[PDB]
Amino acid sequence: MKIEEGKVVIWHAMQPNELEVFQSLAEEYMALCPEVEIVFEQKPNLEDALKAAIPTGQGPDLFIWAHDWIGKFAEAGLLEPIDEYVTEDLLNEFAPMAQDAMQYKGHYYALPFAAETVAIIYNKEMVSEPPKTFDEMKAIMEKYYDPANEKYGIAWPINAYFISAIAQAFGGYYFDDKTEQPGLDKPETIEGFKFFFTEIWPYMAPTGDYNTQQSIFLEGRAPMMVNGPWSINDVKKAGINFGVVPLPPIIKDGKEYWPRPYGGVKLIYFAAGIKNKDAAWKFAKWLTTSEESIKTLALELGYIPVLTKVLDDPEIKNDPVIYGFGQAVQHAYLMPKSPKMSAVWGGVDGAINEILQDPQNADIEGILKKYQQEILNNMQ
C-alpha cells in the first residue's frame, strides 16, 4: 500500500507576473500535501516544445494552455486520457462549455480552470468614461496619440487571435465551425481587416510585438490596452488603476457591429508519457475544483470562473474585473477544437506578416485571398 509521491512537472508559457499567481497556488498545494513537489517550467515555444518532447519520453506530466490545442494534440497521440478519473459529479461542477472544452471525441484529457478573451483594459487616470461605441474609442485614441512624445492612442499586440475581434466585427470569420471552411476571402472578413489597419493601426506605435505593445500601456504611454486576464498582474505590478470593458460596437448608419474576439477555456492538460498520473490528477483536481484556488485565479487575474459554485460567491459577484471580462466573453466566439484551425491560424498570421510590411498601402483583399487558398491547401 502507498501514497502518491514525488514530482509533478507542468510546462507553460506564462510570463513571470502571471506565473507568480500560479506558483503561490502550487505552494499552498505543497503545504497541503508535503510529499508532492509541483514544478512549473517555462517554454518559449510551448506548442513546439511539447510536440517534440512528449513522443520521446522527455515531456512533462501536465501543461497549461487554452482549449483549442486539444483536438490536434489528441489526434497526434500527445495527450493522456483521464476518462477513468472523470465522473458526472465532477463534470457537473463545471459550466457546460468547460465540460465540452476538456474533451475531444469522447475522451477527457484535461481539467478547465477559466474562461477568457481580450478586452479593453483602460487606465482610469487617463480615461474616466470608457468607450461604448467605436466613435468614443477613436476620440480617446485621437486625444492621446502623440508619437513625437512617444504617446499612442492604444496598445494592442498584433497576431491572428489578438485582432480577430475587429476582423470579425462585420459578420466575417476566420473559420466557420459549421461548414468548417476558412472565411478569409469573404468581403465581410476583408472589411474587418481593412477596418483594423485603417481605423485603429494609425493610432498605434507601429509594431505588432506583444511585450512592446504591453509595455507602452504599463508605462502610461497609452490610455487603453487590448489584452486578456493573463496580463492583469502586470497591470497591477505597474501600479495602474484600471477597468475592463468589451471592445465597443462599430456604428454604421445607426446600426451596431460588435467586435467578436475569439475566446477560450483555459485547461490544464494531461500529457502522453506522463510519469506521475495520480499525483498530477490530485493537484489538477485541486487547482480546478477548490473554491479558493479558483477564487484566487479570478480575483488576482480577472479569469472568469468556470467552476459554477464560485460564480455565486459575493467576492466574485461584486468584482469589477471579472464582470468586465465576462461582458467581453459574451460577444466572443469560442475557438473551435477542430485540427483544421491550425492552418487557419497560420494563414491569418501569414497575411498579417505581409500586411505589416506595408500597412498603409497593402492590398489587404488580395493578400487575404492569397492566404485563404493556402489555408484551404493546408487544412487537415
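Position 1 is the first residue in the sequence shown; the rest follow in order.
Per-stretch averaging of Cα B factors for 122-130 and 259-267 places 122-130 on top. Legend: mean Cα B-factor per stretch from the PDB entry, 10-18 versus 360-368; the higher mean is in 360-368. In the deposited coordinates, the residue among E41, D61, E37, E354 with the greatest CA B-factor is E37. Residue set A343, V321, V329, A53: peak C-alpha B-factor at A343 (per PDB entry).
In this PDB entry, the Cα temperature factor of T212 sits in the bottom third of its chain's modelled residues, the lowest group. In the deposited entry, the Cα temperature factor of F113 places it in the lowest third of its chain's modelled residues. Ranked within its chain, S290 lands in the highest third, by CA B factor from the PDB record.
Among the modelled residues of its chain, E142 has a C-alpha B-factor that falls in the middle third, as given in the PDB entry. Ranked within its chain, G77 lands in the middle third, by CA B factor from the PDB record.
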